[PDB]
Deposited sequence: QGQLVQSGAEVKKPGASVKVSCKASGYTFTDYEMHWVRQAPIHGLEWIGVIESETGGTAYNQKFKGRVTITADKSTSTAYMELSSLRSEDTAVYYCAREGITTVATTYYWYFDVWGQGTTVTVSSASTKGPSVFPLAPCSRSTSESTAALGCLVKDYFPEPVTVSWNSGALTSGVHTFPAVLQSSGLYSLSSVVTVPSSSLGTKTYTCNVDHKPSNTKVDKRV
């Protein structure tokens, strides 16, 4: 066993390059190879390539060979992964995963027993913009909500009454609109008797644009 921790999320313009790292701990680095795997809805799980730390040898999927470089620094137990000439379709989650090297002392029959937590790479021509927050109120159970609209990139975090209200809260996954911007709705179900008693406020946090909005409904 052991652990794999990857670098944080990344957002890049079409045609740029991204470099994501993968730090290992809890096992002997050189006893293992390090693979890189992509996951996107249009693509599924697909294998990118593999590096052997000791020799620096690499093997790539023909689909990415020519615009991916995989490097490893044995002294720091870190593997790297550099994707060049980014396209919009490169938007995906990128994982690193180890594989035991079969030797005369040890035989490995399996591939990927330990994975990193994943790194999100979004490729878009859009520019960083904070969200417009709008109330969702109707014209013995009532529904209220907030429309978090026209923001980029992911993610935002929506909380209700500063975390006090969690029961019955539904924050839906964001959808990419035609404008290249993201839209999102978060709703909550309250008893109709409490419409005039309590205050219901959204807490929209969008770190990439440094945006905090406290919107009451």
| query | finding |
| --- | --- |
| Parts of the chain sequence, as deposited, that carry no C-alpha coordinates in this structure | 140 to 145 |
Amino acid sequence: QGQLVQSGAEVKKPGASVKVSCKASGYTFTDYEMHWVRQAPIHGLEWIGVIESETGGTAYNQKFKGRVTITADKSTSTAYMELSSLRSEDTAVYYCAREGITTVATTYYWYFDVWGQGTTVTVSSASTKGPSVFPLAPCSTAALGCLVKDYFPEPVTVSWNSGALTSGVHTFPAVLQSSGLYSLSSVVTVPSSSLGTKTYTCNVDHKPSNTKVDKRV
From here on, numbers count along this sequence of modelled residues.
| item | value |
| --- | --- |
| Stretch with the greater mean C-alpha B-factor as recorded in the entry, comparing 189 to 197 against 5 to 13 | 189 to 197 |
| Higher-B stretch (mean Cα B-factor, as the entry records it), 75 to 83 or 128 to 136 | 128 to 136 |
| Most elevated Cα B-factor in the entry, residues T28, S53, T157, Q62 | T157 |
| Top Cα B factor in the deposited entry, candidates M34, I42, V68, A174 | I42 |
| Ranked C-alpha temperature factor of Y151 among modelled chain residues, by third | highest |
| Third of the chain, ranked by Cα B-factor, where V18 sits | middle |
| CA B-factor ranking of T103, expressed as a third of its chain | middle |
| Entry-reported Cα temperature factor of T120, expressed as the chain third it lands in | lowest |
| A142 - which third its CA temperature factor falls in, relative to the rest of the chain | highest |
